[PDB]
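A short worksheet on the structure shown next.
Any read-out appearing in this document is the output of simple, stated calculations on the displayed coordinates, not a laboratory observation. Because the Cβ atoms are built from the backbone with ideal geometry, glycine has one as well, and the counts that use them run over all protein chains shown.
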Amino acid sequence: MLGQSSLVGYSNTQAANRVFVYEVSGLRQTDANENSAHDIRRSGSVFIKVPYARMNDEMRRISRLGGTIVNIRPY
Amino acid sequence: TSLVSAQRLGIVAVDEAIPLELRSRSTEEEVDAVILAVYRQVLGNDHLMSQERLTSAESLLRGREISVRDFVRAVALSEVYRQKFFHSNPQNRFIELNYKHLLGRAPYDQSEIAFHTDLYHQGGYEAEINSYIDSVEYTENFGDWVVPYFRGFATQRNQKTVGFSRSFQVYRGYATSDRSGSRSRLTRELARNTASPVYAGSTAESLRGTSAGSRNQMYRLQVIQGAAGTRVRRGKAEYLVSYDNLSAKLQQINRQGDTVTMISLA
Amino acid sequence: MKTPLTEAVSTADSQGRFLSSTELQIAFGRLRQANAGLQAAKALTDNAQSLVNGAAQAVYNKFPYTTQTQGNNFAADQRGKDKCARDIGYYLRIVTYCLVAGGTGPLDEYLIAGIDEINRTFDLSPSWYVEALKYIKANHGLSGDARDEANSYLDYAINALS
Amino acid sequence: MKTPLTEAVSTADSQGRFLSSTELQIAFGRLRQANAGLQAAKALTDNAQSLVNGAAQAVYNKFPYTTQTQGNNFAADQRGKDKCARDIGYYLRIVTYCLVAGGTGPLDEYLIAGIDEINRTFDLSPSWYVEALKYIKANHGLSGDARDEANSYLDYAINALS
Amino acid sequence: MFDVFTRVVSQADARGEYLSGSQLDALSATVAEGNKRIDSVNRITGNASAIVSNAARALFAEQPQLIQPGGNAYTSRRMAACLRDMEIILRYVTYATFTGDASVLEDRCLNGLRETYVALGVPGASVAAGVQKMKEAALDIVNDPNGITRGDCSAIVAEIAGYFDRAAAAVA
Amino acid sequence: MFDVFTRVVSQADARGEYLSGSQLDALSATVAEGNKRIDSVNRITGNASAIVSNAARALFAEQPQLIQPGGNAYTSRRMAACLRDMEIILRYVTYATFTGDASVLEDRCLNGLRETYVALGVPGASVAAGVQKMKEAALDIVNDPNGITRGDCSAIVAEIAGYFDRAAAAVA
Amino acid sequence: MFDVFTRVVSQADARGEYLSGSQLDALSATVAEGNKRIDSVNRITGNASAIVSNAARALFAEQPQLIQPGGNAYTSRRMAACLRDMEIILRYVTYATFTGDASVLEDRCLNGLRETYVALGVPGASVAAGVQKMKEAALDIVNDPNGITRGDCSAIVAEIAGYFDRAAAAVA
Amino acid sequence: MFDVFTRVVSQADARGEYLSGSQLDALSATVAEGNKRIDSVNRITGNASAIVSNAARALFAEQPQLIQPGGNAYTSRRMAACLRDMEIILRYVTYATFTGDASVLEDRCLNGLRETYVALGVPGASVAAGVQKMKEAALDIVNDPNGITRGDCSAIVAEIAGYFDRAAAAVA
Amino acid sequence: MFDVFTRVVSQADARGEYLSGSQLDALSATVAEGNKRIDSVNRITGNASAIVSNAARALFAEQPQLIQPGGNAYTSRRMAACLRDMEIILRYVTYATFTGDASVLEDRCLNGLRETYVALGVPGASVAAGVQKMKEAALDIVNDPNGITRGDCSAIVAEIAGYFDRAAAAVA
Ligand SMILES: *[C@@H](C)[C@H]1/C(=C/c2[nH]c(/C=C3N=C(/C=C4\NC(=O)C(CC)=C4C)C(C)=C\3CCC(=O)O)c(CCC(=O)O)c2C)NC(=O)[C@@H]1C
Ligand SMILES: *[C@@H](C)[C@H]1/C(=C/c2[nH]c(/C=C3N=C(/C=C4\NC(=O)C(CC)=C4C)C(C)=C\3CCC(=O)O)c(CCC(=O)O)c2C)NC(=O)[C@@H]1C
Ligand SMILES: *[C@@H](C)[C@H]1/C(=C/c2[nH]c(/C=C3N=C(/C=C4\NC(=O)C(CC)=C4C)C(C)=C\3CCC(=O)O)c(CCC(=O)O)c2C)NC(=O)[C@@H]1C
Ligand SMILES: *[C@@H](C)[C@H]1/C(=C/c2[nH]c(/C=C3N=C(/C=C4\NC(=O)C(CC)=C4C)C(C)=C\3CCC(=O)O)c(CCC(=O)O)c2C)NC(=O)[C@@H]1C
Ligand SMILES: *[C@H](C)[C@H]1/C(=C/c2[nH]c(/C=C3N=C(/C=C4\NC(=O)C(CC)=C4C)C(C)=C\3CCC(=O)O)c(CCC(=O)O)c2C)NC(=O)[C@@H]1C
Ligand SMILES: *[C@H](C)[C@H]1/C(=C/c2[nH]c(/C=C3N=C(/C=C4\NC(=O)C(CC)=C4C)C(C)=C\3CCC(=O)O)c(CCC(=O)O)c2C)NC(=O)[C@@H]1C
Ligand SMILES: *[C@H](C)[C@H]1/C(=C/c2[nH]c(/C=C3N=C(/C=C4\NC(=O)C(CC)=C4C)C(C)=C\3CCC(=O)O)c(CCC(=O)O)c2C)NC(=O)[C@@H]1C
Ligand SMILES: *[C@H](C)[C@H]1/C(=C/c2[nH]c(/C=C3N=C(/C=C4\NC(=O)C(CC)=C4C)C(C)=C\3CCC(=O)O)c(CCC(=O)O)c2C)NC(=O)[C@@H]1C
Ligand SMILES: *[C@H](C)[C@H]1/C(=C/c2[nH]c(/C=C3N=C(/C=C4\NC(=O)C(CC)=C4C)C(C)=C\3CCC(=O)O)c(CCC(=O)O)c2C)NC(=O)[C@@H]1C
Ligand SMILES: *[C@H](C)[C@H]1/C(=C/c2[nH]c(/C=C3N=C(/C=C4\NC(=O)C(CC)=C4C)C(C)=C\3CCC(=O)O)c(CCC(=O)O)c2C)NC(=O)[C@@H]1C
Ligand SMILES: *[C@H](C)[C@H]1/C(=C/c2[nH]c(/C=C3N=C(/C=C4\NC(=O)C(CC)=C4C)C(C)=C\3CCC(=O)O)c(CCC(=O)O)c2C)NC(=O)[C@@H]1C
């Protein structure tokens, strides 16, 4: 489980030096992503590594696209 | 666009470009191509030295530790990106470079300049850069796995028409890069919500005949003029002059207090 | 600029679609609200001077220290009182704009965005403006739909300052 | 570029007419001269190094003060001598171009236009270059049509410099 | 963008004064005709496809050199782009009709369109002709008296025609 | 503009080099071709009105949409402009043939012609078709064996063909 | 950006020779001036908010038209942008003071600021007046004698004054 | 971009006509040349590194101002960028040879290259000189008769020479 | 254009009030430095040719690629154009020194000069290097303490240095 070196921004906030793994399921075609140029490849459990400072953004992104955050684990 | 306008505008390669998606179980050469595409487009087609390569970021991309979007973000936040696009550039030029590199388009509004300026002033370079990559626009166009590509030459949803025209001010050709501190070409255009005529590829050239001088070269002078003589009919003016009359035309424009916006070979 | 009509077009254009019945109902809601908003703005405009002076006096009453402490940010002199009356008049005038516009768009564009920077760099207490807005709420004398929409704008400003 | 063919086309184009027998005779005269010009260019090119060195020595002999007086404009040092040989080589090379082109067009476009501003700004005597061209005239070893056309370009440069 | 109310609002804030009684009564007049504005928007929307298609057919009949091979409307890709541009112009005209202000039409659609068309080689005069045909059609639907409450929609028709005139002036 | 001699001269000056023996020999070869080049110029010039007129007649015969009312060659002014254009292209082709270099054709005639044609709606493909008609008409006139010293003109025919194709590519 | 050292280095590398002895002694003299440079940077930084606010207050006092409704500093966002511009100019002045070179100030702040202001209508002359207010406010702060080791800071004061003047000149 | 087939296809589609017998015969003749075209591409590719290195060495020997300090090929980064440009131009020339059309050069390699060189201060004439060095070396490699089936490759060599000359004229 | 007095007059007229006592005193201080300003202008004008010729020699010595064949300053016509450009910049810098304001330099010399050099392929960075050479020579000439009433001319020298930096920044 690597990634924290590049995921955590170069800002030296101790709060920001924390990454978390999101497990997302059911990434469906919804009205929110009708004009998505790319196509969904997997609707099962996908793992997204999110730094602390972007956890606000990512979960919103997951929630607009119908994905279900089933688990969140410290990295 | 179609071929007939594409050759004239010099955007044939952009039109025929295919989005590059890192699929699951990709081989080594696919990751190599994806890394190369990200370096080409995020760093604005510079000759990237091997010593400037992000060895750890591309290792995480290779080993499936991070997504293409994360690798794009790592390149955008890297000191290499800072050096060639941020530390020696004005803020407005810097964010149009961000729009070109990260979203593949030109800025649409002066409010987008007002945004990312306050955001820089409050939250630093990192928050300002993360605004583009975490934006709704980045998610529907590129997602987590598609290398960003230039989209300003094609009709997008929730797009202003000026974007297409302004695209030619930020994309100067296939063999061009964003390397030289330079000021934005879109400053006055964005601030006053205007559009500039597109002079790209073969669009800039005009007929010469016998009117051009000794060396058969015409120059187009786009100027902003007011009444300082004869009546001025338009605020914007375009002058086509030969090389032999270029200095004289420039000097009489200067003594009338007219502001020269652009000079191009026609 | 948040207004019902502009947001309906913003949503439709972001989806690249023609205006359907959803946007028509948005316009219908704007139409049902517009007359009450227009009468609200006119009532506030005709009563603007008494409201501004009374609001300034209410702030001076609740925060007496503003009227004897020397300093650029206070109103112990006539210059400070003029600045205070002018700020409350700006608040009152922009609220009338929101009533005319049908949304908080005038407040967002002209007053709310950057007010935090201003109150801090010129060390103005947002509590002063909260009491001024509270006085306008208690003394605008509006009733019904006009009162409800005007109080929403005044409470929007209050929640922004608090 | 003043050449018979380009000038013939230019005159015809200003009148907007096709090439008549007059332009064809210009082409015929160009053809009559062109082979002699080409051998003149070949002979000058093959002898270019001795011609340039000999022309430089002739100038140094006629104007000995250039090789013994300090100053940027003189050839008292190796830097000045290199500049002088380079200038004479420029003269010789553009003269061969004229022989190839069939007119003074290369000399006019590359060397003659602006040469007087050069010599003034850098305090270079045009008499130095006149002596070099006179040496080249006296030493190129050409005969007939090759000699006449080459001497015309060399005399053209001399007349421009004086 | 701006709507009919926010335009007056922006002008008043720059002057730094309250809206006068006359401006408030003008906006009261505007909201009195709000229903006709909604009807016109709905009527153009309900026949948008017919408006675009009939105008395109008429345009290609009057200007056969567009659909002639080598023309700028020839090939499916260019024809599809042309029909999309007609629908886009019509959609933004309806947006300007809905808001009561032309800012959405200018800022988003019309600004930069002349330069775009000149750069693309799209004949601006032909697009202007297509917009007049859509204008002619759309005012017929807006002014159709069948199945609607009687009233005078001359003012809103002139406003819609003004937006269509802006579109035609912009492309050419 | 350049001719066949000064093109090589300009390249050499940019390099700061004397012309090599091969370049001087190549120039001698094209001097030996000079009589044939003058004959080609003379033959196209002496048939210029016939070349333009027959090419134009064939072009409208095979493309009747140009001369139908509303077509780009319809009306005597636009028809005259089209004929003039044909004569202008042909004349600059003869200029290029005479000089031995396409610089006069490219710089004075072709540069910006496509932009002019696009901006006017002049169909560049049919202009290219018309130049293609002048192409074999002039090439058969240059290659007519009657009343001339016999010799092989294959190189000059290929060169004139290149000037014609260059003009056709620029307009289309 | 360059600092006081890399500026000499870049010029030398372009010339392709080592720094001469005199250049090394000049840089050494800059080094011996370093503590006062750090003190000046620290003093302007420590009073930066006071510097910006007092300069802005004085600027709006003598230019009531900036804050008058319709003025360029009217509305909260424009006023906040105005205070941000003052703070930005002060910050790059401190950066220039710290590095001993004006490149960071020129490249990041002043390059394009004038025509940005002209395009947007921000009065550059008023910005210059505000920068001049920060100028003497910061120069009194840098030259304040109490609570610091005594010495001559006239050279540093002249350099900081030059940065402020460069900024004032660029915006106008 | 186009290859040798799609070029005449695009021309024919603009005319809206089928490919004539002469066009089809010309394409068949191109097809009979295909093996030699593949050989030429293969020979340039197999010696690309040698072509670039030798041409760069010759260019820097002829123009030593490039590699001295302050020159545009001085420093490792600038030198490596120069070497990459030479290799890139050679690669796109091979693409043009492979496709039989020059459109890959204009669309990609020379699309804005002169603008890039002027903006950076890269001397375009020196680049053109370097391209000419690659030209003579690559043409010699293509024409090498050893280890290949004998035949006339003059047409493909002339075409390759045209691609190299077009790249040189793009930057000169 | 503006001079030092009309610059503050223009700023006052936009603001619509009289020059304050502080502004009048600053102008009187400008008047008190006027003799030194006339000396600096006179000293640069009397040595204009020396400044231009020496700066050009130094520039072509440090950037030899400008004067090798194919370089932008090679050929007499381009070298004379380059010397004239040195001359034009120096003359407009003296005008700015004379007027006490940079408007003449911006509006009549630097207006569109970078775009002009880009269009012509003139290397703007090398023009900036030449302007920097003229700067150092001219400031030395103005600071020369021989044969003049002694006095501190640092303010005018700093002002002249600013004009030269403006020229060098505008060309590159
Ligand atoms: C010119 C535009 C034409 C015209 C219009 C017109 N309409 C009305 C009245 C109304 N129309 C509506 C509209 C809607 N109700 C809905 O539920 C929907 C779908 C969302 C729509 C579009 C409404 C609510 C009214 C008011 C009630 C009524 O039914 O009358 C009028 C009458 C005056 C008014 O402004 O209300 C008019 C004039 N009539 C014409 O003659 C033109 C062809
Ligand atoms: C292909 C172009 C055709 C062709 C040409 C050809 N011409 C000649 C020779 C000559 N042609 C001329 C021309 C002119 N003399 C004049 O007085 C005029 C009017 C100004 C002209 C145009 C001349 C002077 C010559 C040389 C003398 C002669 O008449 O023979 C040749 C012979 C070889 C040569 O180049 O000298 C050729 C091949 N021949 C063909 O078969 C083509 C159809
Ligand atoms: C000018 C280019 C030189 C030249 C070429 C030439 N080649 C052939 C014939 C062939 N060359 C190939 C090529 C390849 N076969 C492979 O497997 C590979 C690697 C993928 C390559 C590059 C082929 C298939 C042939 C045909 C078989 C044969 O060997 O004859 C010819 C002969 C004519 C033809 O078109 O086939 C020629 C002329 N010859 C020269 O002298 C030039 C130096
Ligand atoms: C810095 C620029 C140098 C410097 C200048 C300096 N000059 C003066 C004084 C004067 N110089 C003049 C000039 C002229 N008299 C003429 O007739 C002409 C030709 C038209 C010129 C150029 C004049 C009139 C004066 C005043 C009388 C005098 O001769 O002194 C000063 C003295 C201060 C003052 O402003 O009057 C100074 C400082 N001095 C230096 O040390 C620098 C190298
Ligand atoms: C070498 C013969 C000469 C030379 C070259 C040189 N070039 C650059 C910089 C760039 N070169 C390109 C060109 C391309 N990039 C592409 O992707 C394509 C293919 C379509 C081309 C043709 C570009 C865009 C640049 C910009 C910068 C970049 O890093 O990409 C430089 C670097 C200049 C600098 O570092 O400032 C150099 C040195 N220089 C010489 O002196 C030789 C004559
Ligand atoms: C009154 C409730 C209290 C008070 C007021 C006071 N305000 C200021 C200064 C400013 N007020 C504003 C506010 C606005 N400007 C706008 O454009 C708008 C939006 C449309 C608003 C809300 C600003 C920006 C300032 C600073 C600039 C200016 O002076 O105009 C002062 C003076 C502060 C200073 O340092 O000069 C004062 C005194 N004072 C009290 O004691 C009351 C309780
Ligand atoms: C030799 C006969 C005498 C001589 C020569 C000398 N020349 C220079 C300087 C220059 N010479 C030129 C001339 C040209 N440049 C061109 O591009 C061409 C046209 C193709 C010509 C004829 C120029 C422009 C200069 C100045 C810039 C440069 O250095 O290139 C010098 C040096 C002068 C100086 O101040 O550096 C010298 C010494 N000197 C003698 O004593 C000979 C008698
Ligand atoms: C049809 C009546 C005419 C016509 C149209 C045509 N348009 C294009 C291409 C584009 N159209 C636009 C316009 C917009 N894009 C937007 O997002 C907006 C809304 C804000 C507008 C108004 C743009 C930007 C393009 C170029 C990009 C793209 O094509 O997606 C074409 C295609 C041109 C080509 O060569 O591909 C055509 C054909 N053409 C005619 O002949 C009719 C008169
Ligand atoms: C004829 C085969 C086709 C055709 C032609 C056509 N052209 C125009 C208009 C112009 N043609 C030019 C071109 C030139 N002018 C020059 O001086 C030169 C040399 C440098 C050239 C090549 C120009 C400038 C114009 C516009 C100005 C003018 O009208 O003279 C038209 C008229 C277009 C119009 O609407 O007026 C036409 C008809 N049209 C066809 O359909 C043929 C396929
Ligand atoms: C305040 C003293 C004066 C004033 C200021 C003012 N400035 C703007 C807008 C901008 N200022 C900048 C400048 C920068 N932004 C940066 O990030 C950098 C540092 C790298 C600089 C130098 C820019 C780019 C803008 C435009 C974007 C933005 O809006 O932030 C405004 C707003 C103008 C407008 O809203 O149209 C204002 C008000 N105005 C005055 O009247 C004072 C004299
Ligand atoms: C010299 C340091 C560098 C250099 C210069 C160079 N410039 C040109 C050509 C022009 N320069 C100008 C500029 C002006 N003309 C004016 O009248 C004024 C006042 C407004 C200015 C500042 C212009 C307009 C031209 C072109 C027209 C003309 O020459 O009259 C050239 C010639 C380029 C060419 O001949 O193609 C040159 C060589 N070149 C270098 O390499 C030096 C760095």
Which residue, G:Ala73, G:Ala32, G:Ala128, has the most motion in a Gaussian network model of chain G that connects Cα atoms within less than 10 Å? G:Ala32
Distant-in-sequence amide H partners of F:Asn143 (H built 1.01 Å from N, under 5 Å): none
Charge-dipole axis of chain F as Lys and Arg at +1 and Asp and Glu at -1 on Cβ define it, positive-most pick from F:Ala12, F:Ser22, F:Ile89: F:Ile89
Cα-based convex hull volume of chain A per residue, rounded to whole Å³: 103 Å³
Rounded to whole angstrom, the alpha-carbon centroid of segment A:32-55 lies from that of segment B:233-266 at a distance of 53 Å
Give the nm distances, rounded to one decimal, from F:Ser53 to the matching residue in every other copy, measuring between label points 7 Å along Cα toward the beta carbon; shortest first. 5.1, 6.7, 6.7, 9.2
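Over the residues of the protein assembly as shown, compute the C-alpha Rg and express it relative to 2.2 N^0.38 Å.
Values: Rg = 36.4 Å, N = 1525, 2.2 N^0.38 = 35.7 Å.
Expressed relative to 2.2 N^0.38 Å, the Cα Rg reads 1.02.
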Tell me the chymotrypsin sites (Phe, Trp or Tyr not before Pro) within segment F:1-108 that lie in a loop according to DSSP and have at most 16 other beta-carbon atoms within 10 Å. F:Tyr74
Note the angle between two axes, namely the Cα long axis of helix E:76-99 and the longest principal axis of the Cα atoms of chain E, as a number of degrees from 0 to 90, rounded to the nearest 10. 10 degrees
Which residue is it, in chain I, whose C-beta lies closest to the I-to-F rotation axis, and what is that distance in whole Å? I:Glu115, 12
Out-of-range pairs (alpha-carbon distance over 29 Å; input B:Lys84/D:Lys83; C:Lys81/G:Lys133; D:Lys2/D:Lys137; C:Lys137/G:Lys133; H:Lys36/H:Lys133; D:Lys137/H:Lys133): B:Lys84/D:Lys83; C:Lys137/G:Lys133; D:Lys137/H:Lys133
If you rotate chain D onto chain C, the residue of D with its Cβ nearest that axis, and the gap in whole angstrom, comes out as D:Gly16, 26
Using the number of other C-beta atoms within 10 angstrom as an exposure proxy, rank B:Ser211, H:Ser154, G:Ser103, A:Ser6 with the fewest first. H:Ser154, B:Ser211, G:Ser103, A:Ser6
Once both axes come from the Cα atoms, what is the angle between helix E:154-171 and the longest principal axis of chain E, in degrees from 0 to 90, rounded to 10? 50 degrees
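Report, in debye and to the nearest 20, how large the dipole of segment E:112-172 comes out about its Cα centre when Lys and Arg carry +1 and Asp and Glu carry -1 on their Cβ.
Numbers: 5 positive and 7 negative charges, 29 e Å.
Computed about the Cα centre, the dipole is about 140 debye.
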Using amide H atoms built 1.01 Å from N in the peptide plane, name the residues 5+ places from D:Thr69, or on other chains, whose amide H lies under 5 Å from its own. D:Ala76
Explain nothing, just the number: dipole magnitude of the protein assembly as shown about its Cα centre with +1 on each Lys and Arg Cβ and -1 on each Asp and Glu Cβ, in debye rounded to the nearest 20. 700 debye
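Summarise the partner chain shielding of B:8-16 as one whole number: the mean count of Cβ atoms from other chains within 10 Å of each residue's Cβ. Walk me through the intermediate numbers first.
On the way: counts 6, 3, 6, 3, 8, 6, 2, 1, 2.
The shielding value for this peptide is 4.
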B:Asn158 versus E:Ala80, label points 7 Å from Cα toward the beta carbon: distance in nm? 2.3 nm
Loop-only check: which chymotrypsin sites (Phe, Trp or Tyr not before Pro) in segment D:32-126 are DSSP coil with at most 16 other Cβ within 10 angstrom? D:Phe122
Among I:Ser154, E:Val41, C:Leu51, the residue whose Cα sits farthest towards the positive end of the charge dipole of the protein assembly as shown, when +1 is placed on the Cβ of each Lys and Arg and -1 on the Cβ of each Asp and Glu, is E:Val41
For C:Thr3, what is the net charge nearby, where nearby means another residue's Cβ is under 10 Å from its Cβ and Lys, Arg count +1, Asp, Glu -1? 0
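About its Cα centre, what dipole magnitude does chain G give when the only charges are +1 on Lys and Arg Cβ and -1 on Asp and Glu Cβ, stated in debye to the nearest 20? Could you put the intermediate results ahead of the total?
Values: 16 positive and 19 negative charges, 127 e Å.
Approximately 620 debye in magnitude.
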For chain A, modelled as a GNM with alpha-carbon contacts under 10 angstrom, which of A:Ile40, A:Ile48, A:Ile62 fluctuates the most? A:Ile40
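How much net charge surrounds I:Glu87 when only the other residues with a Cβ under 13 Å from the Cβ of I:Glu87 are counted, with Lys and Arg +1 and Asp and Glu -1?
Values: positive: D:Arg120, I:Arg84, I:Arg91; negative: D:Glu117, I:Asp85.
Surrounding charge for I:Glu87 is +1.
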Per-residue mean of C-beta atoms belonging to partner chains within 10 Å, peptide A:65-74: 0
Per residue of the protein assembly as shown, what 222 nm ellipticity follows from adding -39500 (n - 2.57) for every DSSP H run with n ≥ 4, rounded to the nearest 500? -20500 deg cm²/dmol
Using label points projected 7 Å from each Cα along Cα→Cβ, tell me how many nm separate A:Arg42 and D:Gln49, to one decimal. 7.2 nm
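If each residue's Cβ is checked for other Cβ atoms within 10 Å, how do E:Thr30, B:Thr55 rank with the fewest at the top?
Values: E:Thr30 18, B:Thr55 8.
So the ranking, lowest neighbour count to highest, is B:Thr55, E:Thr30.
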Tell me the distances, shortest first, between H:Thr149 and the same position across the other copies, using label points 7 Å along Cα→Cβ, in nm to one decimal. 4.2, 8.7, 8.8, 9.6
Sequence order, segment G:45-57: Karplus ³J(HN,Hα) from phi using 6.51 cos²θ - 1.76 cosθ + 1.60, θ = phi - 60°, Hz rounded, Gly and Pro as x, gives 5, x, 10, 4, 5, 5, 4, 5, 5, 5, 5, 5, 4
Tabulate in residue order the Karplus-calculated ³J(HN,Hα) for segment I:126-131, using 6.51 cos²θ - 1.76 cosθ + 1.60 with θ = phi - 60°, rounded to whole Hz; enter x for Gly and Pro. 5, 4, 5, 4, x, 5
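Got a sec? How would H:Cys82, H:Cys109 order by Cβ neighbour count within 10 Å, fewest to most?
By the 10 Å Cβ count, ascending: H:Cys82, H:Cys109.
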Place the label 7 angstrom along Cα→C-beta at E:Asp25 and in each other copy, then list the distances from the first to the rest in nm, shortest first. 5.6, 8.7, 8.7, 9.9
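Quick one: net charge around H:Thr116, please, counting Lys, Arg +1 and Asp, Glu -1 for every other residue with C-beta under 9 Å from its C-beta. Could you put the intermediate results ahead of the total?
On the way: positive: B:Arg172, B:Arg179, H:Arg114; negative: H:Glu115.
Computed value for this residue: +2.
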